[PDB]
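Participant: Input: one structure, supplied below.
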Protein chains: 2
Amino acid sequence: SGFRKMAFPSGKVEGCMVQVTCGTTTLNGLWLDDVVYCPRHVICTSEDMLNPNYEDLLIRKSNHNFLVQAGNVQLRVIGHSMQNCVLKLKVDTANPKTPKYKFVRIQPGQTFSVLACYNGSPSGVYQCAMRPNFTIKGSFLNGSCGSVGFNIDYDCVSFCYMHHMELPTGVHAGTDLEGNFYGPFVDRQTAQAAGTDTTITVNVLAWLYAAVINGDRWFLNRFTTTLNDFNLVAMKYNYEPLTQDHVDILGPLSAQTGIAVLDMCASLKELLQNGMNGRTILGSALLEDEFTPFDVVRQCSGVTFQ
Amino acid sequence: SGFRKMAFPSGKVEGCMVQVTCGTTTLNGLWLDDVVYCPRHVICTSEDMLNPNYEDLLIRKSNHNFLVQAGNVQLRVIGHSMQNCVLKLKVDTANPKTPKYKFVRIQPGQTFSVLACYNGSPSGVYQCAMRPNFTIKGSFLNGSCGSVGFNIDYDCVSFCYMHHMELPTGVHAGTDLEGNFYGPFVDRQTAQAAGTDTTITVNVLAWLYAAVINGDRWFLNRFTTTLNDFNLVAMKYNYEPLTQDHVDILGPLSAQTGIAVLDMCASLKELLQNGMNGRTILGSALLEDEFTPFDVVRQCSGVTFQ
Ligand SMILES: *[C@H](O)[C@H](C[C@@H]1CCNC1=O)NC(=O)[C@@H]1[C@@H]2[C@H](CN1C(=O)OC(c1ccc(F)cc1)c1ccc(F)cc1)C2(C)C
Ligand SMILES: *[C@H](O)[C@H](C[C@@H]1CCNC1=O)NC(=O)[C@@H]1[C@@H]2[C@H](CN1C(=O)OC(c1ccc(F)cc1)c1ccc(F)cc1)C2(C)C
């Protein structure tokens, strides 16, 4: 038993991390087969980053302007091209540690693991959710751009995120691995604001089911509610509306615990209207919304990856 | 910016994880050079695990009773011996992925990363603290024994923990890598209770400094307090006493923020006596105590590992 925010083992990604330097900018790249992927603002200087024209900037660059460091082994760049907001640096060596991988784009509400990196060297690993407003609440300092987010399915790494920037509220924005930003953001050093967020309702319910499975039961009750009446309360407390597909996704967790989904909604309603009265749930005094139903099933059942 | 519970990159440990099967028991082993380390209760059956005599049980075993699986490659056991509560299985192949390592024993209050494993395959990674009562609040299911806890210093892995068992309260107990239990526990399936816990005071203060560095300032105040007067309040709220060495350890974080250690103690005093009044600190509605001063400095400064 126990429930703990859990990242995927990072080994398969650690072997893809390299350092990319151009001029005065150093950041991380992702080395798969004979291509290194990295944020395109590596071609910029400081007075470039205020209002850059990246096509213009790139045509003035040379293969030899890009210094790629794979540990203490230098990789010669033999081609370069821009794909949306990422650079693709074609190198003369295929990464012998390339895992099976896919480039996927995730949905708000979904989680992934982040391998934070500096100077091409992994620093730590942690779990993040994509917020409804397409930001993530990460931990990123200068030099961390090019760190990636990912999920692992047996032996296949599904890369979903590359880090590019921090917004004024301290939250983080980036792209998928095809270089397309999550949310209405641009890779320019200007005033951009996140947009209003909401709480991921289906995830809170998943986490309540994780709590029951682990023996926290105090918030349960005999009451029930209809889906429509629950959603009237959700809107009040800035929670996302619950759909029948969410109810279906929660089916297995309902069946394991014997607590009907709409019954757990009645529990959530009471928690929203009353607070917790000084009690905790799975060691938290807040309703947690960054665990998906799959995250709960994986951890409360123990799936691995080889 | 941002502050997030962060594990070390797990790659160096992933390459040491193997599967050990004896009779009907399967668990994980740690393969370093030509030795596999694993919990000694792998030699047990169910009616062994109630009150086992492990010397007796081991003399009845054979090298060939131990099936060691390194992925899909079987390792022949050529010797076996017991060291306290761990088994050392001498195998005919040295692990070519053996990192530089040390076996260290940690202190309550210290943190480490856990690579949870099943059937020799890594499942997830997360950060844990050793509680003052020598338990850890982990996430472990059946088959997870032999998973290890560790810290990484540049390129050296300091193994500090091997998982053995879950207590009735849902917390977890295990040994150092020399097989000596943390706390007053034995590897027997009997009634053992954790012992009363306390809150790690120096870590809470470190986390308050992480909050200030990240812009949470509402809990600050002009008040101050003496170390003695703070400790009168700590004892009331079941917090550990603060020592001058804790104050010294917090010195660098004090200097960075310009907030004297004893001033932050006055803030903690107020938080203990008043609660939070519906506010949060670093996304938490509880005072968090599983970040060390070193964890805060590493993350709020960005140290890596190669
Ligand atoms: C890449 O390593 C870097 C990662 C940032 C640095 C701090 N935390 C991170 O996640 N990315 C950037 O520096 C990008 C890059 C420039 C600007 N930028 C950025 O993150 O935004 C900064 C900013 C400055 C002023 C504003 F009005 C808005 C945003 C920024 C924010 C915090 C901070 F500590 C430093 C810089 C661009 C987008 C090309
Ligand atoms: C090894 O994989 C296993 C890991 C445990 C299983 C569940 N969570 C874990 O961390 N370790 C054990 O099974 C050890 C092993 C037997 C008993 N044991 C154990 O964890 O304690 C169990 C227990 C049963 C009855 C009690 F009165 C106390 C303890 C236990 C607790 C929870 C659970 F789901 C299953 C079993 C020993 C110590 C040799």
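In the structure tokens, chains take the letters A, B, ... in the order shown, each chain's residues start at 1, and ligands count up from 1 in the order shown.
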Quick one: residues within 6 Å of segment 2-12 of chain B, only C-alpha atoms counted, chain neighbours fewer than 3 positions away excluded, as a list in words?
Facilitator: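 Residues near the query, excluding close chain neighbours: residues 9, 10, 11, 124, 125, 126, 138 and 139 of chain A; 15, 113, 126 and 127 of chain B.
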Participant: Taking only C-alpha atoms and all ligand atoms and a cut-off of 10 Å, can you tell me which residues surround ligand 1, written as a VMD selection string?
Facilitator: (chain A and resid 25 to 28 39 to 46 48 to 52 117 to 119 138 to 147 163 to 174 185 to 193) or (chain B and resid 1 to 2)
Participant: Go ahead and compute the interatomic distance for atom CA of residue 225 of chain A and atom CA of residue 265 of chain A, in Å to one decimal.
Facilitator: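 So the two atoms, atom CA of residue 225 of chain A and atom CA of residue 265 of chain A, lie 7.0 Å apart.
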Participant: Could you give me, as a ChimeraX atom specification, the residues within 9 Å of segment 241-249 of chain A, counting only C-alpha atoms and dropping anything in the same chain fewer than 4 positions from it?
Facilitator: /A:200-202,227-228,230-232,234-235,253,261-262,293
Participant: Pick out the residues sitting within 7 Å of segment 281-289 of chain A, and hand them over as a ChimeraX atom specification; count only C-alpha atoms, and ignore anything fewer than 5 positions along from it in its own chain.
Facilitator: /A:3,199-200,203-204,207,211,216 /B:285-286
Participant: As an MDAnalysis selection string, which residues of segment 49-296 of chain B does DSSP assign to strand (DSSP E)?
Facilitator: chainID B and resid 67:70 73:75 77:83 86:91 100:103 111:118 121:129 148:153 156:166 172:175
Participant: I need the helix (DSSP H, G or I) residues of segment 54-286 of chain A per DSSP on the backbone, written as a PyMOL selection string.
Facilitator: chain A and resi 54-59+63-65+201-213+227-236+244-249+251-257+261-274
Participant: Find, counting only C-alpha atoms, the residue in B:137, B:279, B:64, B:90 that gets nearest to chain A.
Facilitator: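 Using only C-alpha atoms, the shortest distance to chain A belongs to B:137.
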